Structures are given as structure tokens and as C-alpha cells.
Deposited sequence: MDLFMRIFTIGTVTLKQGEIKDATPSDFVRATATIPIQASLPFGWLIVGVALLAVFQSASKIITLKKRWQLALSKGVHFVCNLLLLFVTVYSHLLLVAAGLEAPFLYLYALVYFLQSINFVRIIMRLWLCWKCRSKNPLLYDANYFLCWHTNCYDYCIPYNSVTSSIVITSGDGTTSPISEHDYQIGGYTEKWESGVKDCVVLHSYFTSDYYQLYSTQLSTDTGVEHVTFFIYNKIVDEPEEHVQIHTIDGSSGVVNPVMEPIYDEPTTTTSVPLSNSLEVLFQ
């Protein structure tokens, strides 16, 4: 027999981890990794309590008025598994772990010999501005920051699960152009074909 108390223990642990996941600030990279790990543990606990309660129902014999609900859970969890696979493939394509750390719809990426840049971005726009601050020395879009390791490229690429859009560097705004000291603005126009 399957005792009922493991369902309560699983519910209590799931509540602990879900409540903790609700209140982790997403500012530093270690906090992002912590939040992703806690969400992974939450999903594992949710799978446990779902499967275990379904087993309790089956051992009781009252599963039949819940087949549609449990099938719905398993279908949505299969979709989530496919989504996690696509996120890992986005990490492979971006040559970065940032798609795992960030929930953004898009990632602006470019390749240098010593670093692969991958910055979160929300939508496909006709232009993209990369802000570069010197000495930390960093690239920044939308308040998202990557440490400077090398120069800009003439072409950057916005990646999603299914799309890739290329951007060509059109203009470089210096402090004499803008008045903002110690800051450069690289302006990219979307390539249309």
C-alpha cells in the first residue's frame, strides 16, 4: 500500500519551495541560478505530488472522475518538457547559459574569439541599441549587462526558439555626438531580405 502521509510531506515541501521561489530577487547572476534551481525543484515536487495522488486514487479505485484532469496535467508537463529542451537548444545556439538564466523571449548574440555575447531582449525591433560603458566596462541593452571582453561586431543576431533576425551596425555615437561622457552607443538596423 501507498501511505497517505507522503502526499502531505510532498505538499509541505512543494509549498516551501514554491513560496521561496516567489520571493527571490532576480538581480545578480547567482540569484538567477538559484531561482532556476528552485523552480526546477518545484516542478519535480509538483510531478511527485501529482503522480502520487493519482496513484492514491488508483489504489482507492476513485481515479475515473479525475482521468481528464490528470491527463491534462501530464499533457501540459510534456509541453513543459519540450519547452525545457528548446531552452537547452537555445543555450547551445547562443553558446551561452543565459537562456537558462533569463526568461526573455529573445537573445541578442554575437561571437568574438574570446567570448560569446548573449543579452536578453523582449521583441524583434527594427533597430537595436547596444550601450557600452568603459571603466565596470560593459555592454548593456534594456538594463541587461554583459562584461566587456572584446569589441562589437558589424553584425549581431537576435535568436528565439524558431527565428533569427540579423542586425547590421549603422552608426556609432560617441560622447562628442551625444554629450554623455564615457559612454558609446552602437546602433544596429535590422537587415531585411
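Of the deposited sequence, positions 1-39, 175-180, 239-284 lack any modelled C-alpha atom.
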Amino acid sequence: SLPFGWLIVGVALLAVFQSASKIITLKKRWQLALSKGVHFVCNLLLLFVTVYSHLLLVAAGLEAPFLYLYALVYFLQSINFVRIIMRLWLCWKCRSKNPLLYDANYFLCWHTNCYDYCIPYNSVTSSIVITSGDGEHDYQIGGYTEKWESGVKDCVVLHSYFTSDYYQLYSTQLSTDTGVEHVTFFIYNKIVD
From here on, numbers count along this sequence of modelled residues.
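The term rigid core refers to the maximal set of C-alpha atoms that superpose within 1.5 Å between the two forms.
Averaged over structures and residues, the CA distance from the shown form in 4 other deposited structures of this protein after a core fit is larger for 62-70, of the two stretches 62-70 and 49-57. Fitting each structure in 4 other deposited structures of this protein onto the rigid core and averaging C-alpha distances over structures and residues, 126-134 emerges as the more displaced of 126-134 and 162-170.
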